[PDB]
Structures are given as structure tokens and as C-alpha cells.
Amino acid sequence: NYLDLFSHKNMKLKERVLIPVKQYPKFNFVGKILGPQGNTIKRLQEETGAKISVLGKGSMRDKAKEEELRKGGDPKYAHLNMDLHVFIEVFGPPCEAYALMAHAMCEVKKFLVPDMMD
């Protein structure tokens, strides 16, 4: 429960941020985040230093393929059942970890709140 700055173990920070399909029914979030063949999400991870994944129903934008992978029972695909969301995962010592989480959280906001006033 306490943080020890001298601990040999890194801390992990993880968040699941819901893609706000409710508020923006027509906006193609998954495409804008992934980018052409994944270049945006690649870049985004590189720029922020975080693992960032799009998960949940609609994350692969292929109602057919999603159906099939779910139905297969395989647990790597379990997420395809959850609300559509962005999953940020960072590790490091406390200062670095929070800094990275903050960087990623805020870049991700820019994507999920697309009409925010620059």
C-alpha cells in the first residue's frame, strides 16, 4: 500500500477509458485512433511511452470477424464483449509512471473528446 521510491519493483498504472460512443454516435473513433494500418496508435504509443490498445465491441470494425473470434471461446479475445474502450498501461518508478500515464491520458482525451475547444 505505501510507495517506496527505492523499491526494486516498478509500479504499474492501468486505466480503461470508455470511447464515448454515447455522446458521439456517428464519429469513427476506432479509425481515427488506429490510423492507416495502425500508424496513429503506433506513433501515439511511441510519443507517450505507454501501451495503448483499443478493446471491446467494435474495436476491430468487422462485425463478422469479431463474432467469429468471440464464438471461438479463446480467452485472448474475451474483451470483445466489453464496452468499447481504450486501455492504457504504463510501468516505471512512481514519478515516471504517473508522468507517462498523464501524457497518454491527455493525448487520448484529444481523441475521445474530438470537439474540445483546441
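Residue numbers here begin at 1 and follow the sequence given.
Legend: mean Cα B-factor per stretch from the PDB entry, 27-35 versus 57-65; the higher mean is in 57-65. Ranked within its chain, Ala50 lands in the lowest third, by CA B factor from the PDB record.
When the CA B factors of the chain's modelled residues are split into thirds, the value for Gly73 lands in the middle one. In the PDB entry, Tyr2 places in the middle third of its chain by CA B-factor.
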